[PDB]
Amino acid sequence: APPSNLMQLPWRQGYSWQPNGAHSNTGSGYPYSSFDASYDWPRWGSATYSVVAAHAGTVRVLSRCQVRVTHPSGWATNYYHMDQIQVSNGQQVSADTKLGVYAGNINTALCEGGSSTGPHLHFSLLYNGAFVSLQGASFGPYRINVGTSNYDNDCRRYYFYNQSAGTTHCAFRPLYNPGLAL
């Protein structure tokens, strides 16, 4: 369970994207390590927006469309469906360092295989190199509760709970990113 002050949401501070339900990296199995996010969830060929590091750590550019940020704690975040990568192998970064954009074309979006409904960021939580459950993890003030099936987005089961305001935040609503929590 990552320190509640370690991570922010993987887009620019002061801006709001729409997340979808928690799922496994593959979208099928267990654990529910990932969630997707897109400003507007549009068609291909649409405008796309900036993905930033959720935390401090080391960059690995695995391919033109995939990036990992690895903290000395072991805690790590994965970023897939990337494009226009503007960081390098071995580059140390902080939360809110622009890594690039999410892809606006399916070709780049799936450089390492898979499927996709349209432009979005697939964003995963790791520890010591393995995917781990998003259950109870904090991203800024938000604590995430994981739903009952892959991509479950029922706001009763899947939600971002703001621990500073007492507010519950649903899938497919704008989620404001205030930055790292204290």
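Position 1 is the first residue in the sequence shown; the rest follow in order.
Stretches 155 to 163 and 9 to 17 differ in mean C-alpha B factor, with the higher average recorded for 155 to 163. With 39 to 47 and 23 to 31 compared on mean CA B-factor from the PDB entry, the stretch scoring higher is 23 to 31.
Highest CA B-factor among 126, 146, 52, 67, as stated in the entry: 146.
In the PDB entry, residue 115 places in the lowest third of its chain by CA B-factor.
When all modelled residues of the chain are sorted by CA temperature factor, residue 58 is found within the lowest third. Residue 137: CA B factor lies in the highest third for its chain, per the PDB record.
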